[PDB]
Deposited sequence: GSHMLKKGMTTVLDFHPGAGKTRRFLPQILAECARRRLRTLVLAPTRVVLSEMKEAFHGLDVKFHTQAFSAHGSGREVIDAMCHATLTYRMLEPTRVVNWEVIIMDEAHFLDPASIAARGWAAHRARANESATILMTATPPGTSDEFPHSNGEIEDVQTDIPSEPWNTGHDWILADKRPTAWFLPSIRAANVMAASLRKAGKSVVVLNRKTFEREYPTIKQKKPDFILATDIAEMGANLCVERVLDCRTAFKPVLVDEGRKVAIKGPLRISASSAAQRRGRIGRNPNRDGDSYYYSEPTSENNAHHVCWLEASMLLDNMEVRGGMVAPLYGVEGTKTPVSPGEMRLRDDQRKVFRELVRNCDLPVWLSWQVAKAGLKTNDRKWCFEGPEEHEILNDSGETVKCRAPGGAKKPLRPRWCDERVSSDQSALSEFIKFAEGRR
């Protein structure tokens, strides 16, 4: 009952779908307001932040949806924003904000900003600067694939096709319950969607786009676009995902997969159903076993790169949160850059949309943001290829047509057509 006392760290493991964000969060925020405690509420995704806008109606909460770039109030004792928004502000060598309470909703996402934000909030509590609350049924350290739920779930281990099929999986279409299906890639999802619609099902494919209704199938590669309103009674889970992974003794980022997911990721997929205590028998179907063996995944190093450069009172060094500190290949502080390098790192990630790992390499080499020569100076083994297996050439600085051969190789800049044309636009200056 001292959840709001400076120095306390509290993990609140509510069952999913039980008004933790439409019941608990509003009430704890009202208490923070009554105590006049400067409070920060953090969301992992725009979907969650948008939901918070709806749940907090009535409360006086300042949302920062675009950027966090001023200090003040006017009854706004509470700020709400996404992790990246917090990260971008904290990457400037500028003014520490004295939040006394930090509340992290859905505190289980594994993107680098979410991981770094957990380490940062944990540090503020250990420094006695804040009370920190993490809300999630799968906090860092857990590895239960089948945790508690409001309503009883039927778990079924079975073969699940990852491509359209002509025989042998009759159970899938015969069940008419609204279904969410996690597939390993957007390509696979699009291909499955086309097929299911040929089979007379309604299908929605969730992806990052512009848009955001009870279809037979919702297909997705992860839980990022799934909000509180998801209307589903059955989940099929391929239990695999492609991941950017550090290879060649940490010299390169390669995209590998499909790889097995962690127990808690599988639990969060399963946790889309069983949310209604009045409805028993939601079903979770899965095939592949999970794996915790993911310490070579680049997210952990990227989180470290972010956290080591997030401005903290006293400039203290801080580790990732709990067991996550065990995942990163570096010691706390080792990725800290100096101020000028930090400004470059920040602009590359925030404004040029380069991956964190790659941006750190550029910054650490002491190169400027507008200096694009590195894109052409790597060796032949760093040559980028298009979708038909040909060398990519574009306009290097000075205008000359040169093989795209970055000094540092991060396969996320060339993984598909969209990424490649963006990387080329970057390499060419802006044209």
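Chemist: For this chain, which runs of the deposited sequence have no C-alpha coordinates, given in order from the N-terminus?
Modeler: No C-alpha for residues 1, 214-221.
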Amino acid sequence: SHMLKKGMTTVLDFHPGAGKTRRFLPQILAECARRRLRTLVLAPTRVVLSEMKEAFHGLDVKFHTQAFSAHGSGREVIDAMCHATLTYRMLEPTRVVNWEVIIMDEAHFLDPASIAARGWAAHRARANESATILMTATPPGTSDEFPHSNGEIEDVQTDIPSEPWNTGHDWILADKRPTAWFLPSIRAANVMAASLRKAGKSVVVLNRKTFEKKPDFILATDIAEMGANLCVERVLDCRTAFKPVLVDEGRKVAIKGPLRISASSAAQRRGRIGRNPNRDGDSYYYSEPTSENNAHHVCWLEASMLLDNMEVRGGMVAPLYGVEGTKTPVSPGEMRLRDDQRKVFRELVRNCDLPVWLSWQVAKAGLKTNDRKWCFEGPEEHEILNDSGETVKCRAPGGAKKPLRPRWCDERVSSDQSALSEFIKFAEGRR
From here on, numbers count along this sequence of modelled residues.
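Chemist: Should the higher mean CA B-factor in the entry be assigned to 248-256 or to 200-208?
Modeler: Averaging CA B-factors over each stretch, the winner is 200-208.
Chemist: When the Cα temperature factors in the entry are averaged, is it 33-41 or 52-60 that ends up higher?
Modeler: Taking the mean B-factor of the alpha carbons in each, 52-60 is higher.
Chemist: Among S114, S130, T167, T179, where is the Cα temperature factor highest, going by the PDB entry?
Modeler: Going by the entry's C-alpha B-factors, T167 comes out highest.
Chemist: Which of these, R405, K373, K364, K401, has its C-alpha atom at the highest B-factor, as the entry lists it?
Modeler: Out of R405, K373, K364, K401, the record gives the largest C-alpha B-factor to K401.
Chemist: By the record's CA B-factor, is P147 among the lowest, middle or highest third of residues in the chain?
Modeler: Its C-alpha B-factor belongs to the middle third of this chain's values.
Chemist: Lowest, middle or highest third: where is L4 by Cα B-factor in its chain?
Modeler: Tercile = middle for this residue's CA B-factor.
Chemist: Split the chain's modelled residues into thirds by Cα B-factor; is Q268 in the lowest, middle or highest one?
Modeler: Answer is lowest: the recorded C-alpha B-factor places it there.
Chemist: For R124, return the chain-relative third of its C-alpha B-factor as stated in the PDB record: lowest, middle or highest.
Modeler: According to the entry, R124 has a C-alpha B-factor in the chain's lowest third.
Chemist: Classify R350 as lowest, middle or highest third according to the C-alpha B-factor given in the PDB entry, relative to its own chain.
Modeler: Bottom third by C-alpha B-factor.
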